[PDB]
Each structure stands twice: as C-alpha cells, then as structure tokens.
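Scroll down for the structure; my scribbles are underneath it.
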Ligand SMILES: [Cl-]
Ligand SMILES: [Cl-]
Ligand SMILES: [Cl-]
Ligand code: NA
C-alpha cells in the first residue's frame, strides 16, 4: 500500500524517500539553513524529501537540560519551512492534546517509540486523519507491530508508516534484524516501512559514518519505502556522498522484480 | 533507606510488603469485595498489604477497553477503601495534571514503565511529595535506573520505590535478571526494591509464578507486586522464605 | 528421579549436593589441599560433597598457555582424592576416546557446554554407563535439553544430571532464567538439575553477586549447586543450606 | 588481505565467491549431479565457486542419522569433484587427527562453530598450512573473533576466512548483526569475511534468505555461503542473479574514505 504525501509517493516498491533533518528545533534561522542544505542536496540527486525535527525533547537526561522551542514557536517554524521550500514536514507528539494543533501544520505526525502503547495518544493521532509514522519500540517484535496497526485501524486511520529503530540486545545495546522488515510487510498489509538508521546506532562506539553507511545500505537492500536520519547524528557535509550511495543501491533494488 | 507508608515500613531489610488488587476500578462494591479478600488473607498471615488499582488506564489492550471509573469517582473509591480497611493504596498516573489531586488520596503514586523517561510526568509526580513507585522498563538496564532516580531527586522527592518487571530477551520473552536487584540497590542508594512477578511472566501459570517470586525474594527485597485458597498457599511460601532471608544479617564486609 | 552416587542421594527433592573444587588440576599437593578445605567445610555443615576438577584445559587463551596435568596424571590424582577422602569426583571429557579410561576412575563425567551437540561424544559418554552431567549451552533453550536427554536414552544411559550455566544475553554477557529450571524438570522427566553459579557469572564474579544468584536458583528447588567458589566458602554455604532446608521442607504444589 | 584459492581471488574488495553445495556427502553420483548444477549456473554468470559438503557430520539430529560417507570415501568423492570440474572444495573437520588427510585434498578446511575455541583442533588446523574457514559461534561477539585469529597466527597460519552465521537472540532464535561484518574487518586485519545465510536462518524460506543475503552483501563481503536440497536447487540461478547485481554495484564503488 502506497501513501501519497503531497506530490510524494511513499511505498515499499517506490523510490526511497528521505526523512531527515535535526534532533530538535532551536531557532528559525538555523532550521532554515539546515533545511536548505537537505533540499538542495536531495533535489539535485532526485530524492523525495521530508523535513524532520522535534519541537520538544520530552525525555531528556536532566530536568534542567535544554528542550527546544515548544509547540507554538515550533509550528511557526514548520509553517515557514513549508512556505519557503514547498516540502512536507514531520514531527513527533507526546500528548493527546497536541495532536490536533500539530496536525493542522505538519504533514506527518510521529508516535514516539516509548509511547507506542499510550492508547489515548494513538486514538488522538488517528482522529487527526494525518499520515502517521509509528516508531517501532526496541522492546516490540516485528510480528507485534500489527497490534499497533490494528488500533489505528479500529480508530479509523490507515495512513500508517512503520519505522524500524533496532531491537534490544542485552543491556544498553541494539541490533537491527534485517528479517523484521519482511515480517512487518507480511503481517501489516504491506504498509510503507522506513528505517531510522540514526537511532539504531546510538548505543555503538563510533555513530561512525562508515557504520551508518553499512547499516543503511543493508536495510535498504531489503526493499524499503524510506530512510530516516539525523545530521548535526551524521555530519551535514557528508550528506551528499552518503545519499549518492544509498540512491545507487535503492535504484538497483527497486529495478528488480519482486519474487 | 526505608520508607514509611502510614504504619508500614517498606525497605529491603524489612518484612516484605504485598502490593496487589485489581486491574481497573469499576465500582465501589466490586472494589471493596476484592480488597476484602486480599485484606483477610494478608491479615491472617500478618503480611503488610497495599491495595492497587487503576482509575484511568492509558495502556489498555484495546482502544475501547474500559479505562476505569476516572479520577473523580476513582478517588472516592480509594478514600472508602482506606477508611474501611485502614490500609494504604497505590495507583498509576499518566498525565502531569492528575498527580496533585491523586496524591491527596493515594499513598503511593506509580510511574508507568512506558513513561519512565517522560520528564514532565516525573517532575509533576515528584512535586506531589508522595511516595513514588518507579516501574522499570523492560528495555532499561538496572544501572540506568539511577538516571530516573536522579531526575526525581532534582525535582525534590527521594521517597522512591524501584519495581522490577523483567527484561527483554529476544522477541516477546522476558527474563528476570536476579543480579539486577543488587545493581539497583548499589547504584540507587539502597532504595526499596519490589518485584512485579506478574508482568515478568505474561509472555511465558501458578507454579511458574511461585518459582519466580521465590527466586526474586531470595535476593532480599522490600516487596512483591502482583497484577491481575490459592493466594493463601502462595503467600505462606513467600512469607516463609522472606522470614528466613530477612532474619539473617547481610554478608560480612 | 534420584541418582545414587555412592552413599549420596542426588535429586530435586533431596538435600542439595555441592559440586566444587578447582578449575584445572596442577599438582597432587595443591589438589589435596583444596579438596581437604571443601571436605572440612561441607562435613561440618552436613552438606554432601563431590570434588570437581578438569585434567585438561581445552580452551586456553593462548596456544602456549599451560594445559593442566593431562589424562594419565590427572586420573592418578583423582584416584588419590577418592582414596584419601572417600568422596565421589567429577571431571569433564572433550574427546570420545577419553570417556572409557576417565569413567573407570571418575564417578561423574561431564559433557562440556560447547560440545553438547557432538553426537559422537554423547554416545561415547553414554556407553560408559557412568553418571553424566550435561552442561546446558548458553545458546540452547531449556526446552531443548530434552533432545540431548533423548540421545543419551537412545544410547542406553539414563543417569543424567542437567546443569544450568546461564543464557547468552547480548554480546559477552549472560543471564540466568530462573524459569528454565522448572522447564527442564517438567520436560526431562524430573532428572536432577544443578546450578553452575560460577560459570553463570563469568561475564559480570563478586561474592555478594554469587550469593544472591545461588540463593535465587536454589529457591526453585534444585538437586545441587556447582561452583569453583575471610571464610568465604563456609559463610556462603551456611546461607545456601538454610534456604535449601526451608525449600525442601515444604511440599511441592 | 586477499586469499588465493587456486585461480580464485577471495577478498572483501573482490567479486563475491559462492561457497555452496550440500549438507552431507551421501553418494558419488548424486554429489556430482548437484555439483554440476552449481557449476553450470555459476559459470553462466561468471561467479567464482567452491563446492561444499561434510563427509562426517558430528552434530546430527539423531545419534544414528547417517554421518556421511566418512573420511576415506569422502576424500575420494572430493577428488572426483576437483578432477571433473576443476573447482576448489571445502569441508569441515572435527578432530585433530583428520586435519592432515583432509588438507591434502581439500582447498579449504572449516572449523565448526561449536569447536571454535577447542585449542588442539585450532593448532592442528593451523599447522596444515591450508586455507581455513573459521565459523563464528552464535554465542561469540564479533570483537572476540580476533582471539581465534590470534591462536591461528601464533600457530603459524594467516590464510584465514571469517564466516558469519548469526547471533543468539533470546531463545532458539538468531539475528545477524550487520555491523559485525565491519567489526571483524577492522579488528582482524581485513581478512576475507563470508556470510553463511543458510545457518543464519535455521530458527525462523526463500524470500527470507534473499533479503538476508542481500543485506549482508550490501556491507561489502568476500563471499556467500549456502546450502541447497536449504535453498531449492532450481531457484539457484534467479537467486544468484540478484546477489551478483548487488555485489557488482557495491564492489564497483570505492570504499568510503
Ligand atoms: Cl526521531
Ligand atoms: Cl557448514
Ligand atoms: Cl537419538
Ligand atoms: Na589443501
């Protein structure tokens, strides 16, 4: 099943879509600068692009740690991004009450992995009618993803993306099961599956650029709707060379018939 | 470090406290009936007991599963439980705005495992000044619990309980690391540690729950936590082992 | 099912048996000294005891690392141990051809965890007719132990002990699933199950840790405990025996 | 570091080499027929190919399941494969005593995963001077492979291949950590790394084997290790077309600096 996001077709047999941007919104000017770099790189390579950022860091290490611009200012920044670049955007939501005002502006709304079983958040997200990105928790198996999908379907929204971010592997470590992508496709109605390579790696001794590339290449080899990543996270200047490689592999894989 | 909860002393060197009740509050009459059974069994054995229920469950198996009676009626029910039986009570909260009004009534407030890193909720819970039960997520290592504890401390509350519920073990299965109890004690200032045996098992039976409860309580724990006369036979065995363990001094040096 | 090892009764409802000793045999004098200490401690506490050692270290970090005394000399030392102390002994075997000469001397022969799927070794061990200790590999689940047991039964030997040593948990770490003991008892005809606490901890082995883990496992009702280790052994065994006596005095439910 | 195996170059920046064949040698005629099919398909696609089988399977489902034809007859069959097709062959050894007679005939000898820490076998294999395939145990982390390599190096043999077969993931399940390939290359001197997709999948089908094989080969590997009967033997060509496409793309691009 494909999902249309403005003029973008997202699907497991379509050219991969990049979901990329930054961890947290800090200011309008920095955001526009970072976004302009993603837009020019992706446009030249012919890769469909959706700009990603959080307006709030909800689970920071300290109560005193900087958390970002917040809802009202964050939505102002997203409105400016869409106006300036004409691209879709994606952000996460952590409270039911935020879903409607966020969905008015943001094309895709994201369910945080830690909140995937917050049933009132699922319902509030579903009711927006927006495209939803479901972050697969590290503690949930790929065959249990269908239970989250079921909830969104019972609540009347079928425009769902499934986002791999790795699986718990002993203490404080993650592994990405390359077979989990296929399990999700087979058991969740072939909804678009995307791969968050960045968060999949957060527990490895260097977020290495070579590591991220090997892991991204491996996952895309399984035939995926998209790649989800952050830069500052990959350094922003290496983005073009990274994406050249991803696109070469995706174009190859997508050109071969399924069987 | 011990925590006093009315007349109960909760601590890793104290007789174990049982936390148990029902999943979701439905009515005063049904609640009182179930609570009266736990109270009668625990009184008969002399085991300190704290009644547990949810008034508004946000993590339900289905989206239209009953959440519970809700805040206003749930707190009325909890008041009546406390008045009738003279025991403390425990409930979970998932919205920051609920923490204050809940804490007026409920002796212990519980942080759901899935929300354990949600800073706004941790702060709102801390600020109640109530005793807080911190449910350990299945994805978190025992040495990371200190970071949650640190956030509660920054927010001004040190009356914290750590609740083990198992760890992710490949797909679906949970395993309980019996060494994790000691790691939490060592790194978190010897706060009371309790063992939620039920959740630890839902991914795997009475004989199982008994082996696993006994193994955990052998490590010297403040309490045992159950989720949704067999209860009596079970508690007799747990109390035997607890009484033996707690009567012996901790290992020399 | 119980197993008789000379005058010792080994079984999951019998007083626990300690299997202990040293890693690798280095000399007669140092072996007799270590064995005498275990004997003195176990005798004064009233705990049945089987002396353990390897005659060959088959996994050395270096090709030039010292291997131990080897078969011929090792069996001489075991014969001296049995003669001086009148106790049973246990050793591992890594090659089929070693099984018969080792079994002439050693009461219990042990199948190393890495070799548990070496079918020719299983057969050669079974054909000795000796009591066998089957080390559960860290990569095998408890419900797969019945397949190893089946092989020994087909080869004509039912005097089998199942020995827990933990399960692989991420990279370079182990966890012990306390539910795995009950699985093995239920699926393998209630053969004696013992717990190797020492090898279960290789990857973490503090004294307080070893004690918590040993207590937790023995709380599930086991035939024995298997270890390599100011009076640490006696302090440890006093606690284990207290718990084992309590658990074994309660009827199975 | 590359390894030459007769006229084949094996290395992490060379075209992938296929190691394939069957589980246990059972008969000469059937072995030759199977091998002929691998040969014809791989020659057609220009893929370097090494025929694999066990002559003495030591880890059997039952004690009386057939172990295979045994050493003497198994080596005769391997000699016939080499003579008829002019390709290298690979087999496993489980006992120190078997290392010499197997190494005299077989171009690669293989260290079974479960025996990977058995020092006497490692020494005996090393001393043959033969190319060695080291199967990574499911319980060993990728940064511990260097310790096995070290033992071979101490014993005088550096012609070593590292073979991924997955990692224990909870009970009875395996996961392949796609980052482990790079850890092995970085810590073990960039020895050839190959991927046993067949044994990596025991615990879970054709679509799965393909996804997993493609993912692994995307990380830039010296080879792919598989069995057929296990993959069905007639789908081999379609499978290898896909593997070869991806491998040719990857290998044609310079390593990222
Ligand atoms: Cl994110
Ligand atoms: Cl093989
Ligand atoms: Cl059999
Ligand atoms: Na050779």
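Chains as they are written, first to last, in the entry's author numbering: chain D, 1 to 206, 213 to 238, 251 to 277; chain B, 1 to 204, 214 to 237, 255 to 279; chain A, 1 to 204, 213 to 237, 254 to 277; chain C, 1 to 204, 214 to 238, 251 to 278. Beta carbons: idealized from backbone N, C-alpha and C, even for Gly.
Members of the region 106–118 of chain A that neighbour chain C once the beta carbon cut-off is set at 9 Å: 114, 115, 116, 117 and 118
Selected residue, minimal CA-CA separation from residue 44 (chain C), among C:262, C:267, C:277 and C:274: C:262
Chain B contact residues for residue 170 (chain C), given Cβ-Cβ distances below 7 Å: Within chain B, the residues whose beta carbon sits less than 7 Å from that of residue 170 (chain C) are 169, 170, 171 and 173, listed in sequence order.
Chain A contact residues for residue 155 (chain C), given Cβ-Cβ distances below 8 Å: Those are 63, listed as they occur along chain A.
Partners in chain A for residue 263 (chain C), counting only beta-carbon separations shorter than 7 Å: Under the 7 Å cutoff, chain A gives no residues; its nearest Cβ is about 31 Å from residue 263 (chain C).
Close-in-space but distant-in-sequence residues of the same chain around residue 165 (chain A) (CB under 7 Å, 5 per side omitted): 113, 135, 136, 138, 196, 199 and 200
Where residue 138 (chain D) falls: helix, strand or coil (DSSP): Taken through DSSP and simplified to helix, strand or coil, residue 138 (chain D) comes out as coil.
DSSP-derived helix/strand/coil call for residue 220 (chain D): helix
Any non-hydrogen atom of ligand 4 closer than 7 Å to residue 13 (chain C) Cβ: no
Simplified DSSP state of residue 196 (chain A), which is helix, strand or coil: In the displayed model, residue 196 (chain A) falls within a strand according to three-state DSSP.
Nearest neighbour of residue 219 (chain C), chosen from C:267, C:163 and C:179 [CA to CA]: C:267
Contacts of residue 225 (chain B) in chain A (Cβ-Cβ under 9 Å): Ordered by position in chain A, the residues that pass the 9 Å Cβ test against residue 225 (chain B) are 178, 224 and 227.
Local Cβ density within 10 Å of residue 209 (chain B), reported as buried at 16 or more and exposed below that: Not modelled: residue 209 (chain B), which lies between 204 and 214, the two residues flanking a gap in chain B.
Nonlocal neighbours in the same chain, by C-beta distance under 8 Å from residue 94 (chain A), ignoring five residues either side: 56, 58, 112, 115 and 121
Proximity of residue 71 (chain A) and residue 96 (chain A) at Cβ, strictly below 8 Å: no
Members of the region 131–151 of chain A near chain C, C-beta cut-off 9 Å: 137, 138, 139, 140, 141, 142, 143, 144, 147, 150 and 151
DSSP bridge partner residues for residue 17 (chain C) (one or two, in chain order): C:232
N- and C-terminal bounds of the beta strand (DSSP E) containing residue 116 (chain C): Counting along the chain, residue 116 (chain C) falls outside any beta strand (DSSP E), and DSSP gives it neither H nor E.
Residues that residue 220 (chain C) contacts on chain D, provided the C-beta gap is smaller than 8 Å: 178, 179, 181, 182, 227, 228 and 229
Members of the region 52–78 of chain B that neighbour chain D once the beta carbon cut-off is set at 7 Å: 58, 59, 60 and 63
Ligand 4 site residues, beta-carbon cut 7 Å against heavy atoms: C:103, C:104, C:105, C:106, C:107 and C:130
First through last residue of the beta strand (DSSP E) which encompasses residue 92 (chain A): 89–92
Where residue 98 (chain B) meets chain A, residues with beta-carbon distance less than 9 Å: For the C-beta of residue 98 (chain B), not a single chain A residue is nearer than 9 Å; the gap to the nearest is close to 36 Å.
Sequence ranges, beta strand (DSSP E) only - wholly within the region 125–175 of chain C, length at least 3: 131–135 and 160–164
Residue from B:141, B:48 and B:222 whose Cα sits closest to the Cα of residue 260 (chain B): B:222
Residue 68 (chain A) beta carbon less than 8 Å from that of residue 32 (chain A): no
Under the three-state DSSP convention, the category residue 279 (chain C) falls into: For residue 279 (chain C) there is no data in the structure shown, the boundaries of chain C being 1 and 278.
Neighbouring residues (CB closer than 5 Å to any heavy atom of ligand 3): A:151, A:154, C:62 and C:63
Any chain D beta carbon closer than 8 Å to residue 120 (chain B): Yes, residue 120 (chain B) counts as interfacial toward chain D.
Ligand 1 heavy atom lying under 7 Å from the CB of residue 92 (chain D): yes
Segment contact, 8 Å Cβ cut-off, at least three pairs: the region 2–12 of chain A with the region 35–51 of chain B: no
Within-8 Å CB hit, residue 25 (chain C) to chain D: Not closer than 8 Å to any Cβ of chain D, the Cβ of residue 25 (chain C) fails to qualify, so no.
6 Å CB neighbourhood of residue 2 (chain C) in its chain, flanking five on each side removed: 9 and 11
Distance, residue 273 (chain C) Cα to residue 206 (chain D) Cα: 26 Å
Inter-stretch contact (C-beta, 8 Å, three-pair minimum) for the region 139–156 of chain A and the region 172–190 of chain B: At 8 Å Cβ cutoff, the stretches do not touch.
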